[PDB]
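Only one chain is included here, represented as structure tokens and corresponding to the form deposited without the named molecule.
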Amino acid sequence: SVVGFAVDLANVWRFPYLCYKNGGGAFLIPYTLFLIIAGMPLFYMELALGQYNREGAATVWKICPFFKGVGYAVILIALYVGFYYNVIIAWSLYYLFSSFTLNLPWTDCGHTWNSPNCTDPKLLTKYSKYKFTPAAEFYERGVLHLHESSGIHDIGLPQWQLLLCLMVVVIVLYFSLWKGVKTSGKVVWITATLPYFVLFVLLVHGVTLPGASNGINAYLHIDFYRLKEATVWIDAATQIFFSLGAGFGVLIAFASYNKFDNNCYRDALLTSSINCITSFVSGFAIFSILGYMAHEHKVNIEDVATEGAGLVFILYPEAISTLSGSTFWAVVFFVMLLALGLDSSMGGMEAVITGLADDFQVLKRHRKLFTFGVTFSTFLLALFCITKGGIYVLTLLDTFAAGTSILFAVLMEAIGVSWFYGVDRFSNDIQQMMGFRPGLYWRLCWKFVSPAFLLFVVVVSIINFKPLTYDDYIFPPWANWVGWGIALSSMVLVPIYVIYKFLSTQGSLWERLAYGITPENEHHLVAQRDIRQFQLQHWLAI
């Protein structure tokens, strides 16, 4: 009951701006449909797969040797995403160190980082973005220094203030990873108790603000022409495969340490319900503050704030300033963000390290060296996003690191398991380790329903690709080519392993094909001609 109530950093940071970009209310229908239909069966499947085989993401594919490329690809994606989850924690630490004063920097506009185009509503061009407010100017010119960068072709040198925070973050991550595979006994009760209090207070404060009804009536309004467009569905599926965490190797790696009696069905149901409730509450709280901000600045809701990764670092500080004793609440809130980010990064590092160490057994005798290598590589690669123009690099990464790639990996996992290993064998394994057989709904969603929706989403995300933009900035085409190369770097790993394994195995075509779809512990049945996959009754099993 401590592994289901835990909140994830994605629901707090990434969901608010994806909901605001696709409008309120119209984003929740595809989100909920995808949530149920794909996420619940796939979350349950990933929980059940690791608990039975006692293996990591890469070594779990001893039931079908042709699908180890998927395990490699999910580990590569987890490495890619950890490159830019560190910059958010650095921003949170910088914001926390700025809150130890009685005059918050984001309240007035008379500092050294202020442009002469700044107006203060308290001390007082249609479809554009408004960025002359003290909070937006603070975020863009005191922590990012974006005004010395003209584009991704001119990014400049890293900022030392953010470098000093990234160095602390990586050191903490290393020293919380170098002695064991759990190292989590302390922080399991701060990550699941504090966010609920913070959102509960902020919800009441937002709904009592003036002009928040104009934002509530915009969150409860359902736009229908905003549907029948690929962007909302592609965003919803991707956000699901960030909020639940399937497609990164974390669930398989952490389920391999459970007890062989654990009920994964209850855990999946509880996690899905809590995720849905938290997402809805976060959207309501975000739109109340959006309505208040639109009211105070005499602008429109669609033009009051940006649609990037720094939406929370502008709205949440602005809602903090309207409370009583703002310094206490800012400290609490940024502590909550720091804890959430640290937990997410620790989970990703555990996933990567366990997946890579389960395959090569020499890395199990040198854990400090491997952890140091992973952390140092992450630091070196994250140095790119703390430059003067690092927001463009971070946007490109957040767009192309887990896009079509994660959907392809999740589709391949489901197809592989449910069609080659056998939905009947996968249901007899749950029968063995839980005492009850899953049921018709799960067996149908594992084999027919989820793969079809995933294939449709994958195809549509390629057919209707949109060029990258950041607010009013338009990337050059070679940036899109670079992003597509990064996306394909993980997707290409699957067909390569099927060729390598086929060429590495000796014998005729029949023997080479049989040895790669048969579990490694049943390889003695290949010389007796007893392969179940060469029969129609194996492919007609529902």
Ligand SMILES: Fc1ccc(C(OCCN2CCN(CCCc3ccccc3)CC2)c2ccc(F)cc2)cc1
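One-based numbering along the sequence shown.
From this point on, the text means the form solved in complex with the named molecule, which you will not see here.
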Picking from 456 to 464, 413 to 421, 439 to 447, 342 to 350, which part of the chain touches the named molecule in the bound PDB entry when contact means heavy atoms within 4.5 Å? 342 to 350
May I ask whether 4, 188 and 254 all come within 4.5 angstroms of the named molecule in the bound PDB entry, judged by heavy atoms? yes
The named molecule contact in the bound PDB entry: residue 139, any heavy atom under 4.5 Å: no
Considering only heavy atoms, tell me if residue 242 and the named molecule come within 4.5 Å of each other in the bound PDB entry. yes
Taking the named molecule as it sits in the bound PDB entry, is residue 82 near enough to touch it, meaning that at least one heavy atom pair lies within 4.5 angstroms? yes
My question is simply whether residue 250 lines the interface with the named molecule in the bound PDB entry - judged by any non-hydrogen atom within 4.5 Å. yes
So which of 294, 144, 330, 78 reaches within 4.5 angstroms of the named molecule in the bound PDB entry, heavy atom to heavy atom? 78
